[PDB]
Structure formats: C-alpha cells, structure tokens
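**Q** based on what follows, work out the 3D shape:
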Amino acid sequence: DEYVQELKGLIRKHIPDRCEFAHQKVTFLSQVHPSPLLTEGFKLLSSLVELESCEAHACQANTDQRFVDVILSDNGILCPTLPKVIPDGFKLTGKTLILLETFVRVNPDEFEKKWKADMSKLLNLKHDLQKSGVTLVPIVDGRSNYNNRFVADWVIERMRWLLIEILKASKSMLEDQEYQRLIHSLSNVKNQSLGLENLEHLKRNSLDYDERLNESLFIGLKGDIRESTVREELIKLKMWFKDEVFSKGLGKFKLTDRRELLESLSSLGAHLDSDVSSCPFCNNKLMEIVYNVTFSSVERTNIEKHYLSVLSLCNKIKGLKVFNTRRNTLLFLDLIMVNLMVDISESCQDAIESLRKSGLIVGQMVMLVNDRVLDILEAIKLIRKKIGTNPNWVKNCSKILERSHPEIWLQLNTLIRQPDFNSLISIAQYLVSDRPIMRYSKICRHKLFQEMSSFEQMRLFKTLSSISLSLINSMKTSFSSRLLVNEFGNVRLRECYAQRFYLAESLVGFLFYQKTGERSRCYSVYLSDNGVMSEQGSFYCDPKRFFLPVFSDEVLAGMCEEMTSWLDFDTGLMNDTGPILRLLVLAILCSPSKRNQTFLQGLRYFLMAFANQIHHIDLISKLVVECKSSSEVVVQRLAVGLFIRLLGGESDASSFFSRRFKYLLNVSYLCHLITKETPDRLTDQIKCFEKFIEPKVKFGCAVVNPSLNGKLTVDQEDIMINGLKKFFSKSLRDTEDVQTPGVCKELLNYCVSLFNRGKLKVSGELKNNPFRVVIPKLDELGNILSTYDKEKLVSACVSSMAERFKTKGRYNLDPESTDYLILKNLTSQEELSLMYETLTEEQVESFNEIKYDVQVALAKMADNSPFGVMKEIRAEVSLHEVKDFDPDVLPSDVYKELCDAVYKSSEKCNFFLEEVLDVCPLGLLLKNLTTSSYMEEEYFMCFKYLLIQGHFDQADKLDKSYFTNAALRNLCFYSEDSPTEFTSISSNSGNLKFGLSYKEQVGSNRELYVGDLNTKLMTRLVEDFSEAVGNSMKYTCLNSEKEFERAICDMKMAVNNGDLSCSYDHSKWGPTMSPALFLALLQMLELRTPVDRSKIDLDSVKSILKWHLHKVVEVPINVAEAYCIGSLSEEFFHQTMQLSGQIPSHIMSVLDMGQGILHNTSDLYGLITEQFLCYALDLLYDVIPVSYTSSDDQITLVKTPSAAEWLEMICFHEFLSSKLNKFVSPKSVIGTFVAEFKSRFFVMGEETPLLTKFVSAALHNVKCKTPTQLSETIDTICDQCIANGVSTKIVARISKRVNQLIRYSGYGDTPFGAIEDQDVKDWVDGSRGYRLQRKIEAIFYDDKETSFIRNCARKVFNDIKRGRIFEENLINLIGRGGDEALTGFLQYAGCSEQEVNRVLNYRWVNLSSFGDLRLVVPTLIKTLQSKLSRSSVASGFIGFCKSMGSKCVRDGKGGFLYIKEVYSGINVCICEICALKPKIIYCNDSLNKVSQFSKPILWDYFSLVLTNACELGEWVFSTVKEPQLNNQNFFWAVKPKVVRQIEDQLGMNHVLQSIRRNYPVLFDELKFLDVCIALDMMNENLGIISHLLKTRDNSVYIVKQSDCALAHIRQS
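**A** Residues are numbered from 1 along each chain as shown. Next up is the structure itself:
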C-alpha cells in the first residue's frame, strides 16, 4: 500500500469519454483498499478492451453482461430455452444477431485452445438458437497484445509494471494456484523458450492414481540386473526355445521352398476360379474403348479457324454474366453460335459438309460454349420457346452487349439476327446421323496383343494419351455450368458436355459426359471418321487418376523398351516378356485402382521372399487383395503370369538372377504409376479410423469421451489400469500370446539394465544434454475448410457488409459485391472471374455453401399459404424439415424428381417476383433470391429456398473479491487455460488432443495425427530430447546422412561378402506400442552426461510421456456420420450406442503411439532393444551381427563363421522382438541375396537402378506455378532420375512431355523452356545453367554465331578473375536492361557496332519480363529468404491451363492481357534469322508491333556462360567437339567433376554482399560472387546461386556406358 495513492493519480489521465469510464471511476476515489484494487481497479482494463472490440464491429455495449435468453427478450420474442452462456456483445436488428467475444492471449500456446473452446461454445448454441427463427454470425476478436484506442500503448503496460508490488504486498500482508497463472497471463510479448525446464517449476501434485500407475507400470523395473544373470537367463531361454517350440514347428520363418512359392503364386493371383476372360480388353471397360478408337483409324479451313475464333470469343463472353440470370446467358450465345452455323452454311457450297463434318460438328450436332454438344433441334425448340416467352426478345439484349458491356462485339449480325427457323430445319434435316447413346453397366475379337506388331502397340498408347487428355481437360468445363434440360441404363443423349481429340487429318474423336465436376463420370467416346458418328463404348471412371499417360506415349514406350532391354540374356524370353509387360502397363494405366496398386505393392515383398532364403510364414494371406471388379483380375493375372513366365521355367531359370530381380522389382514398383489420391476420401477416412481402432479394441483399451480437463472417471480408471497391467504382463515363457500387443516387463528389465552397463554397442552417454492465424479444429482433418473457417469467413463478410450499406440508408446489396468478399478472403465481373476459376470442385462447392448461408444471413437481417397439399405437409415436407432440422442438408434421395418441380411450379403469389431485380433490396430477398431458380433451370435449389421461405426453418463478497475458482471467467485476459499445476494424467490446460488424417502413401495409407498446438509443443519437447539422445547413439539412422550412408556401405560390402543380411520391418509400429512402454524404458535409463557424471533427471520427460500416455485422440466428424448411417469398428460404434448415448467422438487409450508424433522417442526404443537383441545373438548363436534402425525398418547384417541352417537364431530373434512389442511384420524377408532398407535394394556386385519409381515421380507431381518454376522443379526431378542412370532417352522423352505440357497451356515455346532433347553429359557436368546454355547453343547448329560471344565471355572472364580488378563495379550496368548491358559488355570486351547490329536482332519474345505470369522482387531474394529464415496433380494442371490462357501477362502500364494477343503482334522475317528456328528466334524488325518483350537470346546466353564460369567452368567457353562399343546394360559410377572457383560456405558471403547490391531491399524486409549476383536479380531464367550455397544433393552419379562414352567432350 505504498503506491495505492499513486494509482489514484495514475489513471487520472483519462477523460470520462463514455458511460463505461465515469461509472467505474466514481467508485474508485471513495475507497482506499487493496482488496478491490486488484479486482475492480483491475477489471477496468478488461472492460476497456471489451469496449474497444465492441467498437470495432457492430455491437451494443452490454454493461450488465447478461445472458443470451434475456438479450433476446428485450422486445416481444418468446424464449427458446437457450443454453446459459454469456456473450461479450450483441447487435440485434431485424431477425439476426451478432455474438462477439473478446479474449486476448499473449502467446500462441493458449491462443488457440481458448479460441476452440469459445467457438465450440458458439457452435453448441446455434442448434438451439436456429430453431427460434434466427441465425447468428459467431465472431471473435482473437488477439496477442493490447491495441486500444482510448489509450495509446503508453499507460497499459505500466498497469502491469508499476502494479507488480501491490499483489506481492497483498500476499505478504494478507490465491494458491490462481496466482501463478495470473503472472503467466500478464506477461510481455514473450521470447519464451519453454523447454523441459518449464516442467520443473510446475506443481506436480498427486491424485492417488499415479501411485497405482506406478504399481501397474514400474514394479518389475529395477535396472540393476547383473551381467552374468542375463547370460544365465538367456542360455536357459534358448534351451527352452530350441527344445520346446522350434522342434515342434511353430516357427514364423521357413526356407522358401522355391518350387512351392510359384505354385502358391499361381493359386494367389491367377484367378482360375473366377469367370474372367483371357482377353484384357473385354473385361476392362476402357481398354475396349481404347482398342475401338485405335483400330478405326490405322487401317483407314478458313471457316474452321473462324468457328474456333468465335468459339473462343463465346468462351470469353460467357464469363461475365451480363444477362442477370444463368439461363439466358447460355441460350443467347447458343443462338449466336447457331446463327454463325447457318451463316457459314450460306457462305460456301460444300462448307458444312467438307470442312465441318471432318472437323468440329457431326451429324445432328453443333459444338459450342462449355464444350457442349447440343444436337441442334432442341435449340430450334428452345429459341422458339423463348419467343413464346419474350416475343420481342432480341431488341435490348443486344444493346446490353453494347452498353454496360465489353462494347466490342465481333459478331457479324448474330445478336439481333432472329434465325430463320425453316433454314435451321433444312440444315438439321440434312445431317441424318444417329443420336448419341451413353451406355451404363459376350463374343470376343481383339486380335491377341502378343501377336500384334510393335507399330500398332505404340498406337494404343498414343490414343490412350489423346483420350486421357480428353479426360483431364474435363475439369476445364465450368463447375456451375447448369444445362438447359433435366436428365435408366442406356440414355439417348439429348445434349452433353464433350471434349475432343485428334487422330489424323480426317477423323476427330469425342468424349461425351453429362455432369460437370472432378469425380468419376460416365464418359462416352465416339469417333467421326468422315462425319459419320460411330459408337465405340461408354466407360464409368475417374479422370484425375489419368495424369500419368496424358502426353507420354514416348515416355512409357521408352521405359518399357528399356525395361525389356534389361533382358538381353535370352532372346525368346525377351520377345515373350515384351508384349506381356507392355500389356501390363496398358492395363495399369487404363485401370488405376487402389487394389491392384496394393497387389503390385505386395509383389516386391513376394520378390524378396523368392529372392532371399528365409521368409515369414504369414505373408501369403496378406499379399492377396479381394478383387472388387473384373478389371483388377486382368492386371492380377498379367503380373502373376509375368512372374511365372520368367521365374519358373523347364530349365534352371535362375541363371542371371540380378537382371531378373531388377526387372521384376520394377514390375512391382510399376505400382507407382497409379496416382496416390485414394479415389474417395470418405471411404478412406473410414479405413484410417478402422486401422486406428482395430488393435485398440482387439486389445481392449478404447474408451468413450473423457472429461477433456484432467480427471478420469472410476470406470475409465479401471479399464485404463487393467489395459496397463494387461499390456505389461506377458510372461517370458509362454509361446502363445505372441501377437498380443504388450511388452515382457522381465525381459525389458534385462534390456534396460544391460543398457545401463556399457555392454551394448550403444550406451547412454548423452553428449551436450537436451535440456535446452488459422488453426483447424481437430474433428476434421484432410479437408479443405474447417467448420470454424466455413463460418469464420462468413463472419468476416457479414461483419464487413453490416456497416457499409447503412452509411446512407440504402438497405440493399450488390449481387456481385456479395460474391466478391467471400471470393477475396477465400482466394467488376472480370474481377470476379479472374480468381473464381483458380479453384477446385471441392472449393467451388464450399464457396457455394458459403454463398448460401451468407445470403441467408443477409436476407434475415432486414426481416421485420404452405398448404399446397399434393403430398401431405407434416408427413413429407415438415417431416423432412424436422428429422434433419436443417434446410441446408435436405437430401435428394428422400423425395422424387418430379415433386421437387411441382412444388416449385406453384402459381405467382407474394413469395415470388418477376422482372428478376438485380438491384436486390435487402430483406426482399424472400421474393428475390428464390426466383433466381424459378426463371433458371434448377429446381431443388428453389425447393430449398421455398422451404426456408415459409418458416419451415424452426463479509462474503469482500472475501470473494479475488479471482477464485468461482471467479475465473470475469476478465478477458485471465487465461484459465494455462499450464499451471499438472496432474499425472494431464497438464492443467488440456488433455493432449490429436486428430486423424492419412498420408496418401502409395499402396496403403499411413495414418497421420495432426496434433493440437499445445500438443505440438509438448511433442516437440520430447522429440528434441530424443533427437539429442540419438545424436549420441551410433546405430540410428532417421536424421543422419552419415550413418545411413554407413549402413549403405556396410550393406554393399556384406552382400558382396555373401554375409546373410536380413531386412526386417514392423507390423503396425504406430497402433501397437504405448507411451507407458516409453515410461518403463526411461525409468531405468541413466543418461550420464559427460559434463556431470550422474544420472540426470528424466522426470521432465517422464511426466510428459505420462501426458502422451493419456491422449484424447479425436475422431473424424466424417466418420461419425459415416458410421451413423447403418466392420468390427462399425460394430464398436454401434455397441456403444447401447451404452451412454453420447456420440463416441473421443478415445483415450494405453496403446496409442502417434505416427510421426513420438517417432524418434520410439527410435531410441527400437535402437536400445535392437542392440539388446544384437547382443543376445552375439552370445547365444556365436555370430557377430551389426544392426541399424530407421524406427520402422531395420537391417541386422549378420556375419557367419565357416545355406540357412540357423533358422534357430532368426525365429528366436522374432520371438524375443515379439516379447518387446516389436512385432516383426510378414513383410520382413531375410537372406543372403537381397537386403532392403528404406526402399533401396542391394544385390551382389551392383545396385538395382529401380527405374519406374523415379520415372513415375517425374511423370507425376507436375507442380504448376510458372513454366520457369515448372521446368525448374521437373529439371531437378530429372536430375534425381538420371542420378540412378535410367537413360538419356527416357529423360529426353520426359522433357518432351513436360515441354508439351507447357505448350498445351498456351504459353508457346521459349529458348529456355524445359531442358532439351538428347542431353547426354550435361547432367554430370553442369546444373540447370549449363543445360540452358546447351539448349540455347543447340539452336545454332553451326556454332558460328556463338563462338564470338563465347570469346567475348572469355574477354570478360579473364578481366574479372583473380590477380586483377578490371571494373568489379558492374553492379549498375547490368541492372539497366538486357539490350544496353549486352551492348556495353560487347563494346568493353572490344568489337565494332556491326557485331552489335548482327547480334541484337536475335530476340526471343518474353512473357515474364515486367513481372511474372499472374495466375492467382526476383527469385534471388525469394531463394535467399527461403534459406535465411531457416488437391490432386491433374486438377492443379487444369487450374493452371485455365488461368494461363486468361488475362495473365502484364504490360509496362498497370494492366494485363492475353498471351495469344502478344503472339499476334508478329511478322515473318524469312531471311536467315526468323527461319533459323521457327517461332523461337525472331528479327528485331519482326517484333515491331510488340517490342517491349523482345529480349535477346545472346544476352541470356552470355549471362549463362558467365554463370557457368562462376559455378563451374574454364571449359564452357570451348567449341563443342566431335565425340566418337560396349554392352547396353553395363552401368558404372561417375564423379560430378566440377571446378567451382569460389570459396565455399556461401550462406553468409552473399547476404552481406546484398548491401553492396540492394540496400533498401535488405532494409525493408568475397571476390567473385559480385559479378554474377547482379546477373540474377534482373531475370528469372538464370538461377545462379541456388546451385552455389546448396550442394548437388546427389554427387554420386551412376550412368550407363552407352550414355557416357558416346557423350560429347568440351576440353579447355
């Protein structure tokens, strides 16, 4: 009370501005007392922050701070019996209301848990407030500091600084655990490195449950077992094991009996029991269509370009919506297209016959707008129907394309051209062709693929590429795109979407489909040979899994030719295995599924099991998958017939087993061609949760919803402690219970107590001791928007709009500005469609849901006869509105198709309007928003708007002055959710939540738990602890390149030595083990630091693995509704409904181990226990093994004295590893021929190239931002691919494919582009700079126009190098431009201006000159800030091609334009320059109209030669010389051979040289580096320093002899 008089004058510097200040201040001067001074003189800050955040949004300052029931009861509103919660602000006008909260948390640790609990308190309120007749927008002001306006950040930090003595004076003069959280809440902006040392100054109380945790978990652990008693125990255990259960034959491992594996394989995959056909085309519904396409074409235009130009103009004119509804803005340009069709029909004699039938339109068909086939006569109805609706229709709808318009209409007269109907009948009566049929749901004649020549086998892949491109660009159709006609096996197709694909000059194909979107469609493929339509099938498949063959005839044909040319040891076997593998690749491409993907994943385990000498007994029951269709039976017969073809022969058919293993290993990794996108996510989250919970309830530990804050109930306590001592029981001498998840505590004691002595090959030494915004909700991971975000941006839009229209009294909205704010904060009609089409279908329908409930909440805001009984109201309509309670999720399977239309087809009343009314007054959307589907084609959307229309939506207080447990939530900054006093089961804030998601692994989905943010921190603590432990450990490899490379080297020399070298694995490493096991391991670890030779305290790791033992794993909300419809997990959720009927949304268990959560902490366990097993096998079976560990995959390389007669040892190792819940998977294979580790397979004398995984990596993951970045990333992937020595043919064909992917996107071709074809040596010698140098100097095939500029580069390089300076200040000359800098360098190196005249005409046209290709600072600063700071593939490529053909490229003024518009400002400059390479090289005068993009190829070539003088060189200046037999399949290792004449470790030697380059760029956000650091800031196509500070990352290239000896030479 020595500064209590100071506080009357401290807060006296505040004018009583509002009612929240003077009413609090008049009671302040009337009492000098520290007991209300820390509450009522301290809640004024919280009230001021609350009033400021109420002043931020729309709000009424509730000074009473009362309930939600009483805040609805101001006027006459009946009470809906609300849950009793307290808001921090209300704003009620009309029939909507805004609940706004105000909380501030200074750290992100408890910023998100209070936000989640607050928004879950706001989302558990909508289900009872929605039924009252009102929807709310739950907004919150989540903060991290104090940013008020009534104070200005100069007194409120002194409200916690000068007041720090008065609460200590209260605690010294006059509460227990509410004191330290009030200090932790009033902290500053903290640089708070909370390590494990935090947990020391937490409280550590007891619950009388931790004692029984220790009684269940720590009794049998002593850590004091002598070194001789372990030997005397294990020798008696081996004497038990060899005489007991190995001699009676319960071994998990046998001797492969190599004749029998092929018989079990023939019984395994070759479905002779099934009724499938032997023809692959008849059984697959798409190989038949590919066969019918490619064998109707092998045996055998001014109006066309005008029609395609007006088609592109129609595509440009549709995406504006100037016709106020989505119905006439399709039919009007349908009328434009049919008028242009009848105009071209009146142009020439044979025009619609010769150049249209053979081209774009076929018999009774007119191609148009949204790739739509229309079959013309329907328009002859509809336009006539339109003149039934509007007789004087084309009188104002043409002038609205004149005014309020683009105002440039390049149509001839077709706007006002009322079509002559008799002429259209005459043309439509001419085209007499069958209507299209689209088949849903015998004899065979398909010419036997093994017998067909290799010329037409290429045609199958080429037509598969054409049809697959037609599938991939079916996402290019717009995703709203409502048709004109509604709508069972065989449909005579009225009008459909249709992609095209070319085969020759005469014939085009088609691809017909009805539905827009990205999911699996019922496609239908017709050809048109000379205009005749011909049916060739109709398949039902998913398009986005066909990005692999989309331009890769040559790539897949080349890798099949390579993979067949690996078999040059038998000629007839090669010619037999050629077409069967090519058919296999065709079947896998043409039918990408998950089940055949999983089967081909199992084939490498079968190949190792046939390869090695010992394999597990229970793999054949796992290698087989149940074929869902007859399509998977085809590939499962083909691959098994291939394996029996070249493994089981009548002779000794295992002669060259290395090449056979290589070939079959790539047959099994040819799995990877199938796209790992898991065709539906909701049937994959089911399998993820089922894989989560099958061992958990098989063992019996899964519980129902815990309390989420600390405590467990007594029954949960009992089942938890019973699962604990069921986990730890597992006595060492019963040979049964060998698959049950748990650890033998007695042998775990032997393990940790022999680890305490220095007798393992690892030890607990522990050098340098380890003691040193939008967040999702955990109920839904793997999705694109949380339930929070899906109302967070709704809340942002409604809060932004609720102030802007009441500035004057407008009371309306703009129907495009209400589609702009969502479309901004998620990702003026050009302004909408510019970034509307940068989405995915899931994002489109999420945008539609957000537009729905935003327009509902806005329509409710200004709000101040259902007896049309054909069916009953309360039996159908009100029943469906009360069962689901939501008009939003009213399904389409509960009703009929026509009843949605006839309830829509009621007469005109006060619920509708006509004249549309795009002015849209707010609150009159009740009659406006519904009529936007009464005049438009959809019906059920109007049905849901009509259902939401007609109201079918329905002194003690002096002692209690301090903040006690009953006074925790009075303030806004109090932070009740802080880590304050942790129990042995929680952390006083939460209960260690996690989530469920899947990894999208290739064969089987790895599950992946997204942790909560506090749990991310508490996970990273133990993770960094274990990483610093494993740094001292010598046989781990999860982080180290060093020990993984030593494992590689040891593995190579052991397979060369012929040592038996295993390859284990672990079945369910995640879902089996428990953190209680980690407690039982850490209890007796010593970790004696070399600083202080003493057992360190592990209680900072044990008292947080006790929190990971009790983790509240969430469920997906999409599996709590997929198990609510109606399979042992489906039995589990339906047997706990007979229990306590709350939804089982949470699971706490003993055995969890989050995959990737406790990864390295399990790696220390799987190192310590594995070295225990490696020491046991050292003594018991007198070998000297050495074992590595990657925490899921292992290898125990075993030396042998003096054949696999030591099955004893290996079965006993499996038994002991089963007793320590390291359950050896049936995937594990052990023997002296093949040793895998982390999918890198070693054979004697060589290494498997493993081609198809890297080829399928290069053909997939085509990430698309800019083609510079795209061919940066794919050049990196081709570098990684040719590091393994695939060929230079396959990499060149991948280069052709990626260059065609660029060229198909409308970018055209550029001299940088993708890297070139026939690139034979530039991978070893050279980064991307040298390859672009090679591509630019390969345009000049004479090498006369480039030797002069290389001599100029020599003149610059000899001047700039060491020993001399010669104007190192080239900082400013390069940054001016590309033209004048090249002229200055060419005149400083010394020549005339005639060389300037003859060089500076070679000008490539640029597109990323003034900026980048905007399809939503250089790459230098981006790479330096990426260094210094520390969703399918096909639907990304289509969103790339859709946003590149649009308005992307920029000019010098503020604005943008098209790429074809830039390529149209062009001329022809025949004489020796423009015809040197066509549409690549130009004249200076040929680019006269568009000269702002004409940058030189010689300047960029000069920049590349100076860069390849920096990064390497003294040989990049020489002339490319003339190079000059050996075996085709003899590859060998080459060295990168690089002379980088700079000083290394450039991480700091370029950051400090950016002051000399660009000082304000570093401000706001050596001797040789400086000349080639200004060459990279000005352009993008160089990338100089990305291959300087980083390393090559491979530097171990193996290449073939034919791709290295045949390669060129460039000597100095």
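
**Q** residue contacts, the closest residue to residue 1083 other than its chain neighbours?
**A** Distances taken as CB to CB, 6 or more residues apart in numbering place residue 221 nearest to residue 1083, at 5.0 Å, with adjacent residues excluded. C-beta here means a position set from N, CA and C on the backbone, and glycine is covered the same way. Applying CB atoms under 8 Å, 6 or more residues apart in numbering, we find residue 221 in contact with 745, 748, 749, 752, 1080, 1083, 1084.

**Q** in strands, which of these appear?
**A** Counting by DSSP state E, these place none of their members in strands.

**Q** with respect to residue 329, which of those is nearest?
**A** residue 1080 (69.9 Å; CB to CB).

**Q** burial measure for the closest one, as a count.
**A** 22 (other CB atoms under 10 Å).

**Q** mind saving the C-alpha coords of stretch 1007-1019 as PDB?
**A** Only the C-alpha atoms of stretch 1007-1019 are listed here, as PDB (Å, rounded to 0.1, in the frame of the first residue of the first chain):
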ATOM      1  CA  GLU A1007      -2.300 -42.600 -40.700                       C
ATOM      2  CA  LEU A1008      -1.100 -39.200 -39.500                       C
ATOM      3  CA  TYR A1009      -2.200 -37.400 -36.300                       C
ATOM      4  CA  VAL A1010      -2.300 -33.600 -36.600                       C
ATOM      5  CA  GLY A1011      -1.700 -32.500 -33.100                       C
ATOM      6  CA  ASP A1012      -3.100 -29.600 -31.300                       C
ATOM      7  CA  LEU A1013      -0.700 -26.700 -30.900                       C
ATOM      8  CA  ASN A1014       0.000 -27.200 -27.200                       C
ATOM      9  CA  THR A1015       0.400 -30.900 -28.000                       C
ATOM     10  CA  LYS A1016       2.700 -29.900 -30.900                       C
ATOM     11  CA  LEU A1017       4.800 -28.100 -28.400                       C
ATOM     12  CA  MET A1018       4.800 -30.900 -25.800                       C
ATOM     13  CA  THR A1019       5.500 -33.300 -28.700                       C
END
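
**Q** domain ranges for this structure?
**A** 4-192, 259-272+546-675, 287-453+476-534, 682-774+995-1227, 789-947, 1305-1600 (automatic domain parsing).

**Q** between the ones you listed, which one is nearest to residue 1248?
**A** Of all these, domain 259-272+546-675 comes closest under CB to CB, at 5.1 Å.

**Q** for the closest one, the distance to its chain's centre please.
**A** Mean C-alpha position of domain 259-272+546-675 versus that of the full chain (CA atoms, centre = their mean, to the nearest Å) differs by 29 Å.

**Q** endpoint to endpoint, that domain covers what distance?
**A** 35 Å (CA to CA, to the nearest Å).

**Q** swap in stretch 319-332?
**A** Across stretch 319-332, the terminal residues are separated by 13 Å (CA to CA).

**Q** who touches it?
**A** Identification of contacts with stretch 319-332 by CB under 8 Å, 6+ apart yields 318, 369-370, 379, 382-383, 386, 397, 400-401, 404-406, 478, 480, 482, 484, 829-830, 833, 837, 916, 918, 932, 935-937.
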